[PDB]
Amino acid sequence: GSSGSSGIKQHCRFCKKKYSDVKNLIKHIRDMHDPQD
Ligand SMILES: [Zn+2]
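Residues numbered from 1 in each chain as written, not as in the entry; some residues may be left out. Heavy atoms only, no water.

In the PDB header, solution NMR is given as the technique by which the entry was determined.

## Observations concerning unusual backbone geometry
Spelled out, the test is: Per the convention used, a helix needs a DSSP run of H or I reaching at least four residues, while a strand needs a run of E reaching at least two, with both numbered from the N terminus. Burial here depends on accessible area, computed with a 1.4 Å probe over protein chains only, as a share of the maximum for the residue type. Under 20% is buried, over 50% is exposed, and the range in between is partly exposed.
One non-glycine residue, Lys16, lies in the positive phi region at around 60°. Turning to its location among the elements, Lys16 is positioned in the loop between β1 (10-11) and β2 (18-19). Note on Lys16: relative accessible area 60%, which makes it exposed. Positive phi, normally seen in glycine, also occurs at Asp34, with a value near 40°. By the element assignment, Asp34 lies in the segment after α1 (22-32).

## Thoughts on the side chain of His28
Applicable threshold: By the criterion applied in these results, polar contacts are pairs of N or O atoms within 3.5 Å in which, for protein atoms, one can donate a hydrogen and the other can accept it, and in which residues neighboring in sequence qualify only through two side-chain atoms. We call two residues contacting when some pair of their heavy atoms lies within 4.5 Å.
Inspection of the secondary structure assignment puts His28 in helix α1. Polar side-chain contacts of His28 include one of 3.2 Å to the side chain of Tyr19. A distance of 3.0 Å separates a polar atom in the side chain of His28 from a polar atom in the side chain of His33. In this structure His28 touches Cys12, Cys15, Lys17, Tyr19 and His33, once residues within four positions along its chain are discounted.

Written out as structure tokens, the structure is:
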């Protein structure tokens, strides 16, 4: 196909886990790591 929703999946920079979108990754970061400083 000439176009599609490819490459949208994301990874945690702290614990190297994976998510199919950025918003569930941001919730994971705020719940498990919280890089506030
Ligand atoms: Zn993580």
